[PDB]
Amino acid sequence: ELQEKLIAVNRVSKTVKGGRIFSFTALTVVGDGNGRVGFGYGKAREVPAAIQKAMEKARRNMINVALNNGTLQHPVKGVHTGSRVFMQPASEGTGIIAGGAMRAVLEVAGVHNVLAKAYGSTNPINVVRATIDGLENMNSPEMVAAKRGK
RNA sequence: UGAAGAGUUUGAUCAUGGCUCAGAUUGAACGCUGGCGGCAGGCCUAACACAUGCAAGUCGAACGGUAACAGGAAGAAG
């Protein structure tokens, strides 16, 4: 099973020889609640095709997150194009205390106990890239022990 | 046990960046409405000016006393 959810959609335009034509972009995140998430960004002349193109973009480009138990291994930082996010693990029963694209990425990826904030520009494309980036760089004790000690 | 963001500059973009909004609070005030209780709070302004009453007495077991009250001892009377 893969959770789906749209983040945002807007109505980019382009000035043509005569008037000005229109498109739509949609940003979607896909995951399974077991530490895999991916985002997608499709453009189309109409919203539903933009959303679908986004969803197939998102079902490829799935990463692996090394979750702990529904929360994060350790506090993690992410940046992308002037968008800095901070996630840290929480206690059980603490929800997804997260913002916009933060909440959606953390949800579909299978996190339940996070404590997140986004600092720079909160443009969803960039905050979702920042969040995915932070999550994919997270270390669990297994690989850190593997890479250095026991 | 602990941390959410949104809107607005462009034909559109991404940054910057301000403005504005969603929260909590109060010795509050105002507007509309108003049943009961419990518990609390109530001049933030003019350390402005103040009528009236009250807010510091008590002790005769310190003292001369004995005004005043009530008693005693009488006296003189009915």
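Letters A, B, ... are given to chains in the order of the sequence lines, protein chains preceding strands, and every chain is numbered from 1. Side-chain atoms are counted along with the backbone in the values below, which use heavy atoms only and exclude waters and symmetry mates.
- Rounded to whole angstrom, the span from the CD1 atom of A/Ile97 across to the P atom of B/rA4 amounts to 7 Å.
- When each of B/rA4, B/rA3, B/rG2 is scored by its nearest atom to the side-chain atoms of A/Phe86, the top-ranked nucleotide is B/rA3.
- In this view, A/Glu136 satisfies the salt bridge (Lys or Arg N to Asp or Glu O under 4.0 Å) rule with no residue, not counting sequence neighbours.
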- How does protein contact run along nucleotides 11-16 of chain B, one letter per nucleotide 5' to 3', with B for base contact, S for sugar-phosphate only, - for none, heavy atoms under 4.0 Å? BSSSSS

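- For B/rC19, the torsion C1'-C2'-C3'-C4' is above zero, which places the sugar in the north, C3'-endo range.
- The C1'-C2'-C3'-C4' torsion of B/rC32 is positive. Its sugar is therefore classed as north.
- Here, B/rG27 and B/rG41 have their P atoms 13 Å apart, quoted to the whole Å.
- Between the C1' atom of B/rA3 and the CD1 atom of A/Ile96 lies a distance of 13 Å, rounded to the nearest Å.
- A distance of 10.5 Å separates CD1 in A/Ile51 from OG1 in A/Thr25, rounded to the nearest 0.5 Å.
- Adjacent nucleotides B/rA22 and B/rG23 fail the stacking criterion: their six-membered base rings are not both under 5.5 Å apart at the centres and under 30° between the planes.
- Taking atom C1' in both B/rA28 and B/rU45, one finds a spacing of 13 Å when rounded to whole Å.
- Stacking between B/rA4 and B/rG5 does not hold, since their six-membered rings do not have both centres below 5.5 angstrom apart and planes below 30 degrees.
- If you take atom P in B/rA29 and the same atom in B/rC43, they sit 12 Å apart, rounded to whole Å.
- Each of A/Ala98 and A/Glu92 lies near RNA chain B, and the nucleotide nearest A/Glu92 is the one positioned closer to the 5' end.
- Stacking check, B/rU16 with B/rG17: both criteria met, centre separation under 5.5 Å and interplanar angle under 30°.
- To the nearest 0.5 Å, atom CD1 of residue A/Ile63 and atom CG of residue A/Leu135 are 6.0 Å apart.
- Of the possible donor and acceptor atoms, none in the side chain of A/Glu107 sits under 3.5 Å from a partner among the backbone N and O of A/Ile96.
- Bases of consecutive nucleotides B/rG31 and B/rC32 are stacked, their six-membered rings being centred less than 5.5 Å apart at a plane angle below 30°.
- Pucker assignment for B/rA46 gives south. The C1'-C2'-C3'-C4' angle has a negative sign.
- Not a single donor-acceptor pair under 3.5 Å links the side chain of A/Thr131 to the backbone N or O of A/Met102.
- Sorted by first and then second residue, the side chain to side chain donor-acceptor pair (under 3.5 Å) pairs with a member in residues 80-103 of chain A read A/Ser91-A/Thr94; sequence neighbours excluded.
- Going from the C1' atom of B/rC36 to that of B/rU20 covers 43 Å, rounded to whole Å.
- Side chain of A/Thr28 to backbone of A/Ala54: a donor-acceptor contact under 3.5 angstrom is found.
- Within the structure, the salt bridge (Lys or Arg N to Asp or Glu O under 4.0 Å) test picks out no pair touching residues 9-24 of chain A (sequence neighbours left out).
- Sugar pucker of B/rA74: north, as indicated by a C1'-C2'-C3'-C4' torsion of positive sign.
- Separating the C1' atom of B/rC39 from that of B/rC44 is a span of 24 Å, rounded to the nearest Å.
- For B/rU66, the ring torsion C1'-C2'-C3'-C4' comes out negative, which puts the sugar in the south group.
- In RNA chain B, runs of at least 3 stacked Watson-Crick or G-U pairs (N1-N3 plus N6-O4 or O6-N4, or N1-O2 plus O6-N3, all under 3.5 Å) give these stems: B:5-8 with B:18-21.
- Inter-residue side-chain proximity for A/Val65 and A/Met138 is flagged as met; some heavy-atom pair is nearer than 4.5 Å.
- For the pairing with A/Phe39, the side-chain contact (heavy atoms from CB on, under 4.5 Å) check across A/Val128, A/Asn61, A/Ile7 returns one residue only, A/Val128.
- Side-chain N/O atoms of A/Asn68 and A/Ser140 include no donor and acceptor closer than 3.5 Å.
- The closest donor-acceptor contact from the side chain of A/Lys117 to the backbone of A/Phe86 lies at 3.5 Å or more, if one exists at all.
- Atom CG in A/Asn113 sits about 16 Å away from atom P in B/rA4, given to the nearest Å.
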Would you tabulate the pairs of protein nitrogen or oxygen atoms and nucleotide nitrogen or oxygen atoms of nucleotides 20-24 of chain B closer than 3.5 angstrom?
none

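- Nearest to the side-chain atoms of A/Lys117 among the listed nucleotides B/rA3, B/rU1, B/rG5 stands B/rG5.
- Adjacent in the strand, B/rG34 and B/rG35 do not form a stacked pair, their six-membered rings missing the 5.5 Å centre or the 30 degree orientation threshold.
- B/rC32 and B/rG23 are spaced 26 Å apart, taking the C1' atom of each and rounding to whole Å.
- We find that CD of A/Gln88 is positioned 14 Å from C1' of B/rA4, with the value rounded to whole Å.
- The line from CE of A/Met87 to NE2 of A/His74 is 10.5 Å long, rounded to the nearest 0.5 Å.
- Rounded to a whole angstrom, the distance from the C1' atom of B/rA12 to that of B/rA24 is 40 Å.
- Candidate nucleotides B/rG5, B/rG2, B/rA3 were compared by shortest atom distance to the side chain of A/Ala90, and B/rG2 ranks first.
- When the P atom is compared between B/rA62 and B/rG53, the two are found 35 Å apart, to the nearest whole Å.
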- Could you walk me through whether A/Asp32 and A/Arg36 pass the salt bridge (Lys or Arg N to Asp or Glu O under 4.0 Å) test, one step at a time? CA-CA 6 Å; A/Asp32 65 14; A/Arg36 295 180 67 251; 3.7 Å; yes

